[PDB]
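A.B. asks: Below is target.txt; it holds compact mmCIF, C-alpha atoms and all ligand atoms.
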# COMPACT_ATOMS: atom_id res chain seq x y z
CA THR A 1 4.78 23.15 24.47
CA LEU A 2 5.71 26.26 26.59
CA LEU A 3 6.63 26.59 30.32
CA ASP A 4 3.35 27.45 32.22
CA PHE A 5 3.21 30.74 34.24
CA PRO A 6 2.64 31.31 37.12
CA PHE A 7 4.78 28.73 39.03
CA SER A 8 3.40 28.26 42.60
CA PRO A 9 0.84 29.86 44.96
CA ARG A 10 3.12 29.00 47.99
CA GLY A 11 4.57 32.22 49.58
CA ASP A 12 7.14 30.53 51.90
CA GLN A 13 9.98 30.48 49.28
CA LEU A 14 10.80 31.74 45.75
CA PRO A 15 9.52 29.14 43.21
CA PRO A 16 12.43 26.87 42.03
CA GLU A 17 11.60 27.83 38.35
CA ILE A 18 13.17 31.34 38.92
CA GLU A 19 16.74 29.86 38.93
CA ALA A 20 16.38 28.38 35.38
CA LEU A 21 15.03 31.81 34.07
CA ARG A 22 18.48 33.42 34.90
CA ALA A 23 19.96 31.80 31.67
CA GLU A 24 16.88 33.10 29.69
CA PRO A 25 15.89 36.50 31.15
CA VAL A 26 13.26 36.90 28.36
CA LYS A 27 11.37 33.56 28.00
CA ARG A 28 8.15 32.54 26.18
CA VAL A 29 5.52 31.19 28.66
CA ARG A 30 1.87 30.00 28.38
CA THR A 31 -0.40 32.18 30.64
CA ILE A 32 -3.51 31.18 32.71
CA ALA A 33 -5.65 32.47 29.74
CA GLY A 34 -3.67 29.95 27.55
CA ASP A 35 -1.90 32.75 25.56
CA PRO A 36 1.81 33.18 24.69
CA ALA A 37 3.76 35.87 26.65
CA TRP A 38 7.42 36.98 27.22
CA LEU A 39 8.37 36.51 30.94
CA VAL A 40 11.12 39.07 31.85
CA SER A 41 13.14 38.17 34.99
CA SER A 42 16.42 40.27 35.07
CA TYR A 43 16.42 43.62 36.95
CA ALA A 44 17.89 45.60 33.95
CA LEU A 45 15.29 44.26 31.43
CA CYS A 46 12.30 44.60 33.89
CA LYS A 47 13.34 48.28 34.54
CA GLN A 48 13.67 48.83 30.74
CA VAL A 49 10.09 47.48 30.07
CA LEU A 50 8.58 49.58 32.91
CA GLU A 51 10.29 52.83 31.67
CA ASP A 52 9.74 52.43 27.87
CA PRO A 53 6.49 53.78 26.29
CA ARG A 54 6.74 51.07 23.55
CA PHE A 55 5.42 48.76 26.39
CA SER A 56 1.74 49.85 27.00
CA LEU A 57 -0.38 49.06 30.11
CA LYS A 58 -3.60 50.53 28.50
CA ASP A 59 -3.32 48.23 25.40
CA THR A 60 -3.33 45.01 27.59
CA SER A 61 -7.18 45.52 27.92
CA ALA A 62 -7.83 46.02 24.14
CA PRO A 63 -10.13 43.36 22.59
CA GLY A 64 -8.51 40.26 21.00
CA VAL A 65 -4.97 40.81 22.49
CA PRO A 66 -3.05 38.03 24.32
CA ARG A 67 -3.99 38.07 28.06
CA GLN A 68 -2.39 36.86 31.34
CA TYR A 69 -5.91 35.98 32.68
CA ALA A 70 -9.55 37.13 32.24
CA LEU A 71 -10.65 40.69 33.21
CA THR A 72 -12.92 40.89 36.32
CA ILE A 73 -13.49 44.65 35.60
CA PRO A 74 -14.88 46.56 32.52
CA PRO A 75 -12.04 47.02 29.93
CA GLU A 76 -11.77 50.90 30.29
CA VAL A 77 -10.75 50.62 34.03
CA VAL A 78 -7.37 48.83 33.25
CA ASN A 79 -6.09 52.45 32.60
CA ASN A 80 -7.96 53.70 35.78
CA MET A 81 -5.32 56.30 36.95
CA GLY A 82 -5.21 57.79 33.39
CA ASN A 83 -9.08 57.98 33.13
CA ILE A 84 -8.94 59.60 36.64
CA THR A 85 -6.27 62.19 35.51
CA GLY A 86 -8.10 62.75 32.14
CA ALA A 87 -11.34 63.60 34.05
CA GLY A 88 -9.66 66.37 36.24
CA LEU A 89 -9.82 64.38 39.57
CA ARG A 90 -6.05 63.60 39.94
CA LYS A 91 -5.73 66.42 42.55
CA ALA A 92 -8.65 65.08 44.71
CA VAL A 93 -7.31 61.48 44.41
CA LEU A 94 -3.64 62.39 45.26
CA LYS A 95 -4.85 64.46 48.27
CA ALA A 96 -6.98 61.55 49.71
CA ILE A 97 -4.00 59.03 49.57
CA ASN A 98 -1.38 61.53 50.94
CA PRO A 99 -0.50 60.21 54.44
CA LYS A 100 -0.19 63.88 55.66
CA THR A 101 -3.88 64.65 54.73
CA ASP A 102 -6.34 65.23 57.69
CA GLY A 103 -4.09 63.46 60.30
CA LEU A 104 -4.09 60.15 58.36
CA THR A 105 -0.64 59.11 59.78
CA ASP A 106 -1.83 59.82 63.40
CA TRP A 107 -5.11 57.88 62.66
CA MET A 108 -3.16 54.78 61.41
CA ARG A 109 -0.91 54.71 64.58
CA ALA A 110 -4.01 55.15 66.84
CA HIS A 111 -6.21 52.55 65.03
CA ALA A 112 -3.37 49.97 64.78
CA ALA A 113 -3.02 50.28 68.63
CA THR A 114 -6.80 49.60 69.04
CA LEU A 115 -6.79 46.49 66.70
CA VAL A 116 -3.68 44.97 68.40
CA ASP A 117 -5.11 45.64 71.95
CA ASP A 118 -8.36 43.85 70.89
CA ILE A 119 -6.17 40.84 69.83
CA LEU A 120 -4.14 41.02 73.11
CA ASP A 121 -7.44 41.01 75.12
CA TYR A 122 -8.62 37.76 73.32
CA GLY A 123 -5.23 36.00 73.87
CA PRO A 124 -3.37 33.61 71.51
CA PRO A 125 -3.63 32.24 69.01
CA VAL A 126 -5.40 34.53 66.49
CA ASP A 127 -5.55 34.80 62.71
CA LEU A 128 -3.41 37.95 62.15
CA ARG A 129 -4.91 38.40 58.64
CA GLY A 130 -8.59 38.21 59.67
CA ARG A 131 -8.08 40.20 62.94
CA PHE A 132 -5.32 42.76 61.97
CA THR A 133 -4.11 43.13 58.30
CA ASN A 134 -7.70 42.87 56.83
CA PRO A 135 -9.32 45.55 59.10
CA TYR A 136 -6.18 47.80 59.18
CA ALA A 137 -6.20 47.84 55.30
CA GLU A 138 -10.05 48.03 54.91
CA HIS A 139 -10.54 50.72 57.62
CA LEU A 140 -7.74 52.88 56.11
CA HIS A 141 -9.64 52.82 52.74
CA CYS A 142 -13.03 53.57 54.44
CA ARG A 143 -11.36 56.65 56.08
CA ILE A 144 -9.69 57.81 52.77
CA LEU A 145 -13.02 57.37 50.86
CA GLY A 146 -15.13 59.04 53.64
CA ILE A 147 -17.54 56.02 54.01
CA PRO A 148 -18.52 54.22 57.25
CA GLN A 149 -15.97 51.84 58.80
CA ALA A 150 -19.02 49.52 59.42
CA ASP A 151 -19.38 49.04 55.59
CA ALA A 152 -15.81 47.59 55.19
CA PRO A 153 -17.15 43.95 55.35
CA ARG A 154 -19.57 44.22 52.31
CA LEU A 155 -16.83 45.92 50.17
CA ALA A 156 -14.00 43.51 51.28
CA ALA A 157 -16.22 40.40 50.55
CA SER A 158 -15.93 41.30 46.76
CA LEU A 159 -12.11 41.12 46.68
CA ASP A 160 -11.87 37.27 46.98
CA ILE A 161 -13.38 37.17 43.41
CA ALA A 162 -12.27 40.61 42.01
CA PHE A 163 -8.52 39.67 42.19
CA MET A 164 -8.91 36.05 40.95
CA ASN A 165 -6.51 35.10 38.10
CA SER A 166 -8.90 32.87 36.08
CA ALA A 167 -8.75 31.28 32.58
CA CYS A 168 -12.49 32.21 32.17
CA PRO A 169 -14.80 35.18 32.88
CA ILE A 170 -16.31 35.01 36.43
CA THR A 171 -20.14 35.61 36.68
CA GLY A 172 -19.72 36.64 40.36
CA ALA A 173 -17.27 39.47 39.45
CA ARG A 174 -19.88 41.35 37.32
CA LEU A 175 -22.61 40.97 40.07
CA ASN A 176 -20.19 42.22 42.82
CA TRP A 177 -19.04 45.10 40.49
CA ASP A 178 -22.66 46.30 39.90
CA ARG A 179 -23.54 46.02 43.65
CA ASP A 180 -20.40 47.97 44.83
CA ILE A 181 -21.00 50.69 42.14
CA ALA A 182 -24.67 51.03 43.30
CA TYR A 183 -23.43 51.29 46.95
CA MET A 184 -20.80 53.98 46.03
CA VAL A 185 -23.40 56.00 44.00
CA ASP A 186 -25.63 56.02 47.16
CA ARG A 187 -22.64 57.45 49.20
CA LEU A 188 -22.38 60.53 46.84
CA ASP A 189 -25.83 61.90 47.99
CA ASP A 190 -25.50 60.53 51.61
CA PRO A 191 -25.16 63.51 54.02
CA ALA A 192 -22.78 61.35 56.24
CA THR A 193 -20.16 60.87 53.44
CA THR A 194 -16.82 62.78 53.90
CA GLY A 195 -13.29 62.30 52.41
CA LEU A 196 -12.64 61.58 48.70
CA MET A 197 -16.27 60.57 47.85
CA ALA A 198 -17.62 63.89 49.35
CA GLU A 199 -15.05 65.94 47.32
CA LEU A 200 -15.97 63.93 44.12
CA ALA A 201 -19.76 64.47 44.79
CA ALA A 202 -19.14 68.28 45.19
CA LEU A 203 -17.61 68.49 41.64
CA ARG A 204 -21.06 67.62 40.10
CA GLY A 205 -22.90 70.78 38.88
CA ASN A 206 -19.48 72.53 38.65
CA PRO A 207 -19.82 73.26 34.88
CA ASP A 208 -16.26 71.91 34.06
CA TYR A 209 -17.26 68.40 35.33
CA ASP A 210 -20.72 67.88 33.64
CA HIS A 211 -18.98 64.94 31.78
CA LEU A 212 -18.61 63.06 35.17
CA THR A 213 -21.61 60.69 35.73
CA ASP A 214 -22.51 59.21 39.18
CA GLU A 215 -21.25 55.75 37.88
CA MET A 216 -17.86 57.30 36.87
CA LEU A 217 -17.36 58.90 40.37
CA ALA A 218 -18.49 55.55 41.96
CA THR A 219 -15.83 53.75 39.75
CA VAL A 220 -13.10 55.88 41.46
CA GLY A 221 -14.27 54.78 44.97
CA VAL A 222 -14.71 51.07 44.04
CA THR A 223 -11.33 50.75 42.23
CA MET A 224 -9.41 52.76 44.90
CA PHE A 225 -10.87 50.52 47.69
CA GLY A 226 -10.14 47.25 45.79
CA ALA A 227 -6.59 48.03 44.56
CA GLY A 228 -5.62 49.83 47.82
CA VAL A 229 -6.92 47.12 50.24
CA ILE A 230 -5.62 44.10 48.24
CA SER A 231 -2.15 45.77 47.96
CA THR A 232 -1.83 47.01 51.62
CA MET A 233 -3.35 43.78 53.12
CA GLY A 234 -1.35 41.52 50.71
CA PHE A 235 2.03 43.23 51.23
CA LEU A 236 1.64 43.80 55.00
CA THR A 237 0.46 40.16 55.59
CA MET A 238 3.52 38.82 53.70
CA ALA A 239 5.93 41.44 55.21
CA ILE A 240 4.92 40.23 58.73
CA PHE A 241 5.21 36.58 57.48
CA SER A 242 8.75 37.38 56.18
CA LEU A 243 9.65 38.84 59.67
CA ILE A 244 8.27 35.56 61.24
CA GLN A 245 10.53 33.62 58.75
CA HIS A 246 13.56 35.87 59.70
CA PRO A 247 13.40 36.24 63.54
CA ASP A 248 16.97 37.76 63.56
CA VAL A 249 15.48 40.75 61.55
CA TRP A 250 12.46 41.02 63.96
CA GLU A 251 15.07 41.19 66.78
CA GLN A 252 17.16 43.93 65.02
CA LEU A 253 13.96 46.06 64.73
CA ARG A 254 12.94 45.41 68.42
CA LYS A 255 16.34 47.02 69.45
CA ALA A 256 16.45 49.65 66.61
CA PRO A 257 12.90 50.87 65.68
CA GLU A 258 14.44 53.90 63.83
CA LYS A 259 15.46 51.24 61.19
CA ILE A 260 11.76 50.34 60.45
CA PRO A 261 11.42 52.66 57.34
CA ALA A 262 14.56 51.13 55.70
CA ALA A 263 13.38 47.62 56.82
CA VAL A 264 10.08 48.19 54.89
CA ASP A 265 12.14 48.90 51.70
CA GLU A 266 14.01 45.56 52.23
CA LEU A 267 10.64 43.75 52.89
CA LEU A 268 9.18 45.34 49.69
CA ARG A 269 12.20 43.76 47.89
CA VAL A 270 11.95 40.15 49.25
CA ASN A 271 8.22 39.62 50.09
CA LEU A 272 6.44 37.03 47.94
CA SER A 273 2.91 38.63 47.86
CA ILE A 274 2.91 39.13 44.01
CA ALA A 275 1.51 35.99 42.28
CA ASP A 276 1.34 37.37 38.66
CA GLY A 277 3.45 39.55 36.27
CA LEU A 278 3.10 43.29 35.49
CA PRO A 279 1.58 43.18 31.97
CA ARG A 280 2.54 45.36 28.96
CA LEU A 281 1.58 45.09 25.25
CA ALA A 282 4.36 45.93 22.75
CA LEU A 283 3.26 48.94 20.59
CA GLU A 284 6.24 48.23 18.21
CA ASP A 285 8.88 45.56 17.38
CA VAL A 286 11.53 45.94 20.19
CA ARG A 287 14.77 44.00 20.84
CA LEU A 288 14.59 43.17 24.62
CA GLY A 289 17.89 41.51 25.70
CA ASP A 290 18.39 38.67 23.13
CA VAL A 291 14.67 38.51 22.07
CA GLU A 292 12.92 40.23 19.11
CA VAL A 293 9.54 41.04 20.79
CA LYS A 294 6.89 41.68 18.04
CA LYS A 295 4.21 44.42 17.95
CA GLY A 296 1.01 43.16 19.73
CA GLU A 297 2.84 40.63 21.98
CA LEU A 298 2.31 40.38 25.79
CA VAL A 299 5.31 40.99 28.12
CA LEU A 300 5.14 40.05 31.86
CA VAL A 301 7.58 41.81 34.29
CA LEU A 302 8.42 39.22 37.02
CA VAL A 303 9.03 41.52 40.04
CA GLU A 304 10.15 38.74 42.46
CA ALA A 305 12.94 37.64 40.00
CA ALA A 306 14.01 41.28 39.31
CA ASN A 307 14.14 42.02 43.11
CA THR A 308 16.50 38.96 43.60
CA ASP A 309 18.75 39.64 40.54
CA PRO A 310 22.27 39.29 42.05
CA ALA A 311 23.56 41.69 39.27
CA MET A 312 21.60 44.48 41.13
CA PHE A 313 21.20 43.04 44.71
CA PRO A 314 24.39 41.05 45.58
CA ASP A 315 23.62 38.24 48.13
CA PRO A 316 19.96 38.60 46.98
CA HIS A 317 18.35 36.03 49.39
CA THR A 318 19.83 37.82 52.49
CA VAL A 319 17.29 40.12 54.27
CA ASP A 320 19.59 43.09 55.09
CA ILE A 321 17.57 46.09 56.46
CA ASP A 322 20.77 48.23 55.90
CA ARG A 323 20.92 47.23 52.16
CA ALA A 324 21.88 50.61 50.55
CA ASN A 325 19.79 50.06 47.32
CA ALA A 326 16.77 48.23 48.95
CA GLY A 327 14.70 51.25 47.69
CA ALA A 328 15.40 50.28 44.01
CA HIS A 329 13.07 47.18 44.23
CA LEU A 330 10.33 46.97 41.48
CA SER A 331 7.47 46.13 43.96
CA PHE A 332 5.79 49.54 43.23
CA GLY A 333 6.53 49.18 39.46
CA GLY A 334 8.33 52.02 37.61
CA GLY A 335 8.20 54.56 34.71
CA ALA A 336 4.79 56.10 33.81
CA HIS A 337 2.65 53.64 35.91
CA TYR A 338 4.73 53.76 39.18
CA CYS A 339 2.33 53.29 42.19
CA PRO A 340 1.04 56.81 43.13
CA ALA A 341 0.33 55.69 46.77
CA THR A 342 3.91 54.58 47.70
CA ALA A 343 4.13 57.15 50.56
CA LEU A 344 0.86 55.68 52.05
CA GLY A 345 1.83 52.01 51.37
CA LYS A 346 5.23 52.45 53.14
CA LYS A 347 3.77 54.49 56.06
CA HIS A 348 0.86 51.97 56.56
CA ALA A 349 3.35 49.00 56.80
CA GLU A 350 5.94 50.98 58.92
CA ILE A 351 3.25 51.84 61.55
CA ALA A 352 1.80 48.26 61.73
CA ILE A 353 5.33 46.81 62.29
CA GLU A 354 6.09 49.60 64.85
CA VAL A 355 2.87 48.91 66.88
CA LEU A 356 3.36 45.07 66.70
CA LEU A 357 7.05 45.37 67.90
CA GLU A 358 5.95 47.68 70.79
CA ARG A 359 2.75 45.81 71.94
CA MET A 360 3.48 42.18 70.79
CA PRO A 361 7.30 41.71 70.83
CA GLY A 362 6.95 37.84 71.21
CA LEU A 363 4.86 37.54 67.95
CA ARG A 364 5.48 34.07 66.38
CA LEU A 365 3.63 31.59 64.12
CA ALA A 366 1.09 29.41 66.04
CA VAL A 367 1.26 26.53 63.48
CA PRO A 368 3.96 24.69 61.50
CA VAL A 369 4.68 26.74 58.30
CA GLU A 370 3.50 23.70 56.15
CA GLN A 371 -0.05 24.03 57.75
CA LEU A 372 -0.61 27.48 56.12
CA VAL A 373 -3.32 27.36 53.40
CA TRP A 374 -2.06 29.31 50.31
CA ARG A 375 -4.83 30.99 48.22
CA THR A 376 -4.69 29.57 44.62
CA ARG A 377 -5.36 31.36 41.26
CA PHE A 378 -5.30 34.85 42.84
CA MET A 379 -3.33 38.06 42.01
CA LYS A 380 -1.62 37.83 45.46
CA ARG A 381 0.05 35.01 47.40
CA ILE A 382 -1.60 35.11 50.85
CA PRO A 383 -2.21 32.50 53.54
CA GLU A 384 -6.02 32.22 54.08
CA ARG A 385 -5.19 32.50 57.83
CA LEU A 386 -1.95 33.67 59.53
CA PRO A 387 -2.28 31.97 62.95
CA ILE A 388 0.07 33.70 65.43
CA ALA A 389 0.89 33.32 69.14
CA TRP A 390 2.78 35.42 71.71
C1 LIG A 401 0.84 49.06 50.07
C2 LIG A 401 1.36 48.40 49.06
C3 LIG A 401 1.15 48.70 47.62
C4 LIG A 401 1.84 48.01 46.67
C5 LIG A 401 2.82 46.90 46.99
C6 LIG A 401 1.43 48.51 45.39
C7 LIG A 401 1.96 48.02 44.18
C8 LIG A 401 1.65 48.55 42.93
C9 LIG A 401 2.24 48.20 41.70
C10 LIG A 401 3.30 47.13 41.50
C11 LIG A 401 1.68 48.98 40.73
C12 LIG A 401 2.05 48.93 39.26
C13 LIG A 401 1.21 48.03 38.36
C14 LIG A 401 1.81 47.98 36.97
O1 LIG A 401 2.94 48.49 36.74
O2 LIG A 401 1.17 47.41 36.05
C15 LIG A 401 0.74 49.85 41.36
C16 LIG A 401 -0.06 50.77 40.70
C17 LIG A 401 -1.14 51.44 41.27
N1 LIG A 401 -1.49 51.49 42.56
FE1 LIG A 401 -0.37 50.62 44.08
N2 LIG A 401 0.53 49.49 45.57
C18 LIG A 401 0.31 49.68 46.88
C19 LIG A 401 -0.58 50.55 47.48
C20 LIG A 401 -1.58 51.25 46.82
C21 LIG A 401 -2.63 51.94 47.45
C22 LIG A 401 -2.86 52.10 48.93
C23 LIG A 401 -3.42 52.49 46.45
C24 LIG A 401 -4.60 53.28 46.89
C25 LIG A 401 -5.50 53.84 46.10
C26 LIG A 401 -2.86 52.11 45.18
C27 LIG A 401 -3.31 52.47 43.92
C28 LIG A 401 -2.63 52.18 42.72
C29 LIG A 401 -3.07 52.63 41.38
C30 LIG A 401 -4.30 53.45 41.05
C31 LIG A 401 -2.16 52.16 40.48
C32 LIG A 401 -2.18 52.35 38.97
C33 LIG A 401 -1.13 53.38 38.56
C34 LIG A 401 -1.15 53.73 37.08
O3 LIG A 401 -1.73 53.03 36.22
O4 LIG A 401 -0.55 54.77 36.72
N3 LIG A 401 -1.73 51.35 45.47
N4 LIG A 401 0.74 49.55 42.70
In structure tokens, how does this file's structure come out?

C.D. replies:
Amino acid sequence: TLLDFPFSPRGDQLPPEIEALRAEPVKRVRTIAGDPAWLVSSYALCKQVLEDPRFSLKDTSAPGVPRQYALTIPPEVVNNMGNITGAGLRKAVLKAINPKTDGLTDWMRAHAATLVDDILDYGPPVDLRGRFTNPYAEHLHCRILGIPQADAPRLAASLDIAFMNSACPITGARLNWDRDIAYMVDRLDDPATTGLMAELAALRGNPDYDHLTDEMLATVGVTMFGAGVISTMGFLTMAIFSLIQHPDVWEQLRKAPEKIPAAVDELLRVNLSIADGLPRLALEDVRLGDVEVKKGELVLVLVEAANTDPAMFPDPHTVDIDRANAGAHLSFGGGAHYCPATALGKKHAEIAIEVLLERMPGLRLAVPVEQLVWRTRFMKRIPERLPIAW
């Protein structure tokens, strides 16, 4: 029957399957859920799908439609950012994730210094994921949300199930969802709560927002923490791994730290942290390249193939931190559903790389690359541990 998608959980190299997709930039695949989908792999056609309102994100959660994998979340939260905007909270949300809000940029530089010094004090080797990228990501999201740093562990423990890419519903996902919601409701009335959750609590009783239940405000906190932490931890872990795989680039940034912002664009382009496709349901019959896509069919945007399309990025496998169009990568999506937290994502990664170059310039892998354990059937490619020495 059909070519199975996805291809490999290994994040050390592009799956070999990508090369054969170049002759068939729209190809029918069988998904994890066992459903047909169109896998789109050229930069031009991926951009077209992301920018065209005939390709719906919201409709991928409708009942009975072809799926990539099973939902771990209630259906209505697939269009989270739209339910957020619709409810009048967009302003509060966009403020909390702005890296210029309440000294957030200064806090990230300061806290990254603390986490790396704690690692330096213990000596090598350490698991960089467990001891740096996890807490750096989780603590950022505790600060944004206004909840205690000490609660990061209970909320992060959910994400190993929440972002699974499973053929079947997961009983653990519903139990974790209900527990994290109940926790976030408790934070609304907690006198200690600050940040986004304190601003969301304050809207209650404001006549305009009588439609906003405690569960609905709690949904904003839970989904922001989950999406934000898995994305920042996933990307940053694999951006550092890419710098370990390209020591010449690590060395360019040691001598030229002013190039770090541009280097993060080029790492967004080549990193292999995305293990799935960006899903869209066709609202209408659309010709996409050579393929007549039918109304109600599932389309998957393959970011890692788009970002290495030589038509758009000549010499695509070269990591060039001076690449003029590095910024045109699809790793933050595009069109109506473009990541709203790109300023924070970039700044978070820039600062971590800056602090590691300054305080741990001899950073290297502590194990043979083949001894990494790649997480299977998960939305991200990540090594369970990233053992490093210096
Ligand atoms: C740091 C690296 C990050 C990466 C690589 C990343 C990547 C992405 C991508 C690819 C999408 C588009 C999904 C699609 O088109 O179907 C997206 C959307 C989104 N991201 Fe990010 N993201 C990052 C950080 C964050 C953070 C820190 C937050 C914090 C709250 C966040 C919240 C969201 C939300 C709510 C959406 C949905 C947008 C919508 O439906 O309009 N992201 N992200």

A.B. asks: In Å, rounded to a single decimal, give me how far atom CA of residue A:337 is from atom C6 of ligand LIG 401 (chain A).

C.D. replies: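 Pair atom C6 of ligand LIG 401 (chain A) / atom CA of residue A:337 returns 10.8 Å.
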
A.B. asks: Excluding residue A:366 and any residue of its chain fewer than 2 positions from it, enumerate the residues within 9 Å of it, using only C-alpha atoms, and give them as a list in words.

C.D. replies: residues 124, 125, 126, 364, 368, 369, 386, 387, 388, 389 and 390 of chain A

A.B. asks: Have a look at A:138, A:12, A:4, A:52 and name the one nearest to residue A:371; count only C-alpha atoms.

C.D. replies: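 Of A:138, A:12, A:4, A:52, the one nearest residue A:371, counting only C-alpha atoms, is A:12.
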
A.B. asks: Any residue with an atom at most 7 Å from ligand LIG 401 (chain A) counts, using all atoms listed in the file. Which are they? Put them as a ChimeraX atom specification.

C.D. replies: /A:50,57,79-82,97,224-225,227-229,231-232,235,278-279,331-334,336-342,344-346

A.B. asks: Can you pull out the residues contacting residue A:247? Cut-off 12 Å, using all atoms listed in the file, and skip same-chain residues under 4 positions away; I want them as number ranges by chain.

C.D. replies: A: 240-243, 251-254, 319, 357, 361-365

A.B. asks: Can you work out the spacing between atom CA of residue A:127 and atom CA of residue A:351 in Å, to one decimal?

C.D. replies: 19.2 Å

A.B. asks: Can you tell me, as a list in words, what residues are no more than 8 Å from residue A:27 when counting all atoms listed in the file, ignoring any on the same chain fewer than 5 positions away?

C.D. replies: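 Counting all atoms listed in the file, the residues come to residues 21, 38, 39 and 40 of chain A.
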
A.B. asks: At a cut-off of 12 Å, can you tabulate as CSV every residue of stretch 42-119 of chain A near stretch 373-377 of chain A together with its closest atom pair and the distance in Å to one decimal, using only C-alpha atoms and ordering rows by chain then number?

C.D. replies:
residue,atom,partner,partner_atom,distance
A:68,CA,A:377,CA,11.7
A:69,CA,A:377,CA,9.8
A:70,CA,A:377,CA,11.5

A.B. asks: Could you please determine the separation between atom CA of residue A:323 and atom CA of residue A:263 in Å, to one decimal place?

C.D. replies: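 Pair atom CA of residue A:323 / atom CA of residue A:263 returns 8.9 Å.
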
A.B. asks: Using only C-alpha atoms, pick whichever of A:329, A:246, A:10, A:385 has the shortest atom-to-atom distance to residue A:46.

C.D. replies: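 Once distances to residue A:46 are computed over only C-alpha atoms, the minimum belongs to A:329.
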
A.B. asks: Show which residues sit within 12 Å of residue A:157, as a ChimeraX atom specification. Count all atoms listed in the file, and ignore same-chain residues fewer than 2 positions away.

C.D. replies: /A:134,138,151-155,159-163,172-173,176-177,179-180,225-226,229-230

A.B. asks: Taking all atoms listed in the file into account, which of A:133, A:171, A:223, A:13 comes nearest residue A:245?

C.D. replies: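 Of A:133, A:171, A:223, A:13, the one nearest residue A:245 is A:13, counting all atoms listed in the file.
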
A.B. asks: Measuring between only C-alpha atoms, which one of A:61, A:105, A:193, A:166 shows the shortest distance to residue A:148?

C.D. replies: A:193

A.B. asks: I'd like to know which of A:96, A:20, A:71, A:355 is closest to residue A:108, using only C-alpha atoms.

C.D. replies: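 Among the listed residues, the smallest separation from residue A:108 belongs to A:355.
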
A.B. asks: Please return as a list in words every residue within 10 Å of (7.3, 48.0, 65.4), taking into account all atoms listed in the file and the file's own coordinates.

C.D. replies: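 With a cut-off of 10 Å, the residues come to residues 250, 253, 254, 255, 256, 257, 258, 259, 260, 349, 350, 351, 352, 353, 354, 355, 356, 357, 358, 359, 360 and 361 of chain A.
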
A.B. asks: Using all atoms of stretch 195-213 of chain A listed in the file and a margin of 3 Å per side, can you give the axis-aligned box centre and edge lengths in Å to one decimal, as lines of an AutoDock Vina configuration file?

C.D. replies:
center_x = -17.8
center_y = 66.9
center_z = 42.1
size_x = 16.3
size_y = 18.7
size_z = 26.6

A.B. asks: Write out N, CA and C atoms for stretch 355-366 of chain A, as a short mmCIF file (atom, residue, chain, number, x, y, z; two decimals), in the frame of the given file.

C.D. replies:
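So selection16.cif came out as:
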data_model
loop_
_atom_site.label_atom_id
_atom_site.label_comp_id
_atom_site.auth_asym_id
_atom_site.auth_seq_id
_atom_site.Cartn_x
_atom_site.Cartn_y
_atom_site.Cartn_z
N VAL A 355 3.87 49.16 65.81
CA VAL A 355 2.87 48.91 66.88
C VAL A 355 3.01 47.44 67.31
N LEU A 356 3.21 46.52 66.37
CA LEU A 356 3.36 45.07 66.70
C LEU A 356 4.65 44.86 67.53
N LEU A 357 5.77 45.48 67.14
CA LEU A 357 7.05 45.37 67.90
C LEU A 357 6.86 45.91 69.32
N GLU A 358 6.18 47.04 69.47
CA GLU A 358 5.95 47.68 70.79
C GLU A 358 4.98 46.85 71.66
N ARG A 359 3.85 46.39 71.12
CA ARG A 359 2.75 45.81 71.94
C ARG A 359 2.78 44.28 71.90
N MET A 360 3.44 43.67 70.92
CA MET A 360 3.48 42.18 70.79
C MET A 360 4.89 41.74 70.38
N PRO A 361 5.92 42.04 71.20
CA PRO A 361 7.30 41.71 70.83
C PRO A 361 7.57 40.20 70.69
N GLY A 362 6.79 39.32 71.31
CA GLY A 362 6.95 37.84 71.21
C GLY A 362 6.12 37.23 70.08
N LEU A 363 5.65 38.03 69.12
CA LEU A 363 4.86 37.54 67.95
C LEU A 363 5.59 36.35 67.31
N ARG A 364 4.91 35.22 67.12
CA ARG A 364 5.48 34.07 66.38
C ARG A 364 4.34 33.33 65.70
N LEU A 365 4.67 32.40 64.80
CA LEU A 365 3.63 31.59 64.12
C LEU A 365 3.07 30.59 65.13
N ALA A 366 1.77 30.31 65.08
CA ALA A 366 1.09 29.41 66.04
C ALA A 366 0.94 28.00 65.44
#
